[PDB]
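Residues in the sequence shown are numbered consecutively from 1, following the entry's author numbering. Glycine is no exception: its CB is placed at the ideal position from the N, C-alpha and C atoms. First comes the structure, then the notes that go with it.
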Amino acid sequence: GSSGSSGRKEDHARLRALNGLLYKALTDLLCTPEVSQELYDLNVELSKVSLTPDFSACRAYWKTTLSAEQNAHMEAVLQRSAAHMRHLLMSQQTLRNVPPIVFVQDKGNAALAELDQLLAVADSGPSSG
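The structure is reproduced here in structure tokens:
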């Protein structure tokens with residue numbers, strides 16, 4: 001989005017404050033069995049959260065183990081938990097519309113991936129209607 005106009009310095013301050021409130025509140029739900037008993041027993045905790053300037057999505061970053069199989073198990077349950085976390089945070093009176101929560105591993109995009117090509121061809125249809 002953001003296809004026209006531009007936000008003020010106070011809009012960036014509002015985004016940063018609201019993202020900080022989402023960070024504490026999401027981390028508090030990871031710290032309770034009220035979202036999931038399994039998620040609470042796995043003892044997962046966030047490192048940070050990032051909110052889009054469009055208000056379109058909330059990327060939540062979680063701390064990982066040495067085991068990739070245990071990481072995939074934690075990631076699957078934490079992504080399953082996200083819709084219920086959104087509903088639990090929707091009890092706040094001031095935040096009219098809680099953004100969709102999406103879970104992310106703590107490692108950043110430090111290199112551009114092995115992305116595939118894209119190609120297309122038009123249909124050789126008849127001239128007649």
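Item: Provide the residue span of the beta strand (DSSP E) that contains residue 139, from first to last.; Value: Because the chain is modelled from 1 through 129, residue 139 falls outside the range shown and cannot be assessed.
Item: Are the stretch 70-77 and the stretch 20-31 in contact at 8 Å, needing three or more beta carbon pairs?; Value: no
Item: Please report the straight-line C-alpha distance between residue 96 and residue 86, rounded to a whole angstrom.; Value: 12 Å
Item: Is residue 61 near the ligand NAD, in the sense that its beta carbon is under 7 Å from a heavy atom of that ligand?; Value: Of the ligands one can find in the structure shown there are none, so the ligand NAD has no counterpart to examine.
Item: Tell me the residue span of the beta strand (DSSP E) that contains residue 51.; Value: 46-51
Item: Comparing the C-beta of residue 56 with each C-beta of chain C, is any distance below 8 Å?; Value: No chain C appears in the structure shown, which is made up of a single protein chain.
Item: So what does DSSP say about residue 121, is it helix, strand or coil?; Value: coil
Item: Residue 47 and residue 123 - do their beta-carbons sit closer together than 8 Å?; Value: no
Item: What residue range does the alpha helix (DSSP H) around residue 60 cover?; Value: No alpha helix (DSSP H) holds residue 60; the beta strand (DSSP E) holding it covers 58-62.
Item: For a test of the three-state rule: what should DSSP assign to residue 77, helix, strand or coil?; Value: helix
Item: Assuming contact is defined by CB atoms lying nearer than 8 Å, are residue 81 and residue 49 in contact in what I supplied?; Value: no
Item: Going by Cα to Cα distance, which pick from 117, 4 and 108 is closest to residue 54?; Value: 4
Item: So, at 7 Å on beta carbons, what are the nonlocal neighbours of residue 29 in its own chain, with the 5 sequence-adjacent residues on each side left out?; Value: 35, 85 and 88
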